[PDB]
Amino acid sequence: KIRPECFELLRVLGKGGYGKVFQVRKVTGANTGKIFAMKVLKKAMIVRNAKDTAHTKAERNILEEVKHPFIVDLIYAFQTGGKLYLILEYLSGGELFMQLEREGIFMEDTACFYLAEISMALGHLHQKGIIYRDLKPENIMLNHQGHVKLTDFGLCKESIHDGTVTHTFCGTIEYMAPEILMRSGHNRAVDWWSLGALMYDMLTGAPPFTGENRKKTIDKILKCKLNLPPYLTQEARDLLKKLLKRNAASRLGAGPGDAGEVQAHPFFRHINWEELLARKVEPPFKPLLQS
């Protein structure tokens, strides 16, 4: 019988229109002393909106059935009259965004590591019928060792929203596929575009299609006129060209091979997928050692 009173609030990890994420300590039971992350959703707001309700149930179901080392673990879920609670593993490594902002640009073997781990998470979600959509660096966390964790499966985390039918334009749209922005229907190919955009950001310091305003940023994304940096290896350039294509069906990973098709690319040739999945490959950055 898990109740709100079983946890002590330590601090706020995030705050949005739909609720808050806390670092908490369990103070009862066999996990006494153990640290978790706790998402607390405001029920009253969600219940009114039918698609907000659906999407909230969806996140629960998703994390309940997913189990993979590169995806965040859900431990408990419970409810009161006013609140919905998700108890997830606490990830002390911070957002991948922080590493990139620290470093400016990643070396290629640094990028390769993260992108490889992410590709295995995506392959797992794709086998389960799940589409991540947005691989902006703030949507990816690191655990205590420095390994990747995908975390963004729930409601829009933003404090103000764009429109009142979708939550597509509320955050940055710089890592999203053209077909998502056009709302013309899409599938898992959307994730491989986004991996390409993340990769481009890692290796050049900014996402591939940016404008001074949103309307121009959107136009740039739909146009999809890619600028490949000359200083990147031929392997990195070949992979970026195959991910960032306007024709979704023709992206690497779009076909039946999915992740295995991307994982076979020469850019990832030094990866042992057995060791990586087992988390035996040393990460490029150790959050524990970070001053």
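Whichever C-alpha set is largest while still superposing within 1.5 Å between the two forms counts as the rigid core. All residue numbers refer to positions in the sequence shown, first residue = 1.
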Judged by RMS Cα deviation after a rigid core fit in 9 other deposited structures of this protein, the more variable of 9-17 and 270-278 is 9-17
Stretch with greater C-alpha deviation in 9 other deposited structures of this protein, 177-185 versus 200-208 (rigid core superposition): 177-185
Taking only the other compared entries that model residues on either side of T168, decide whether it is unmodelled in at least a third of them. yes
Is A248 unresolved, in the sense of carrying no coordinates, in at least a third of the other compared entries? no
Avg C-alpha B-factor, entry values, 65-73 vs 240-248, higher side is 65-73
Comparing 127-135 with 153-161, the one whose average Cα B-factor in the PDB entry is higher: 153-161
Return the residue from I46, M38, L222, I35 that has the highest Cα B-factor in the entry. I46
Going by the entry, which third of its chain does the Cα temperature factor of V281 land in? highest
Quick tally, chain-level thirds of C-alpha B-factors: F113 sits in the middle
What third of the chain does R269 rank in for C-alpha temperature factor, lowest, middle or highest? highest
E89: which third of its chain by C-alpha temperature factor? middle
Where the record places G185 (Cα B-factor, split into thirds across the chain): highest
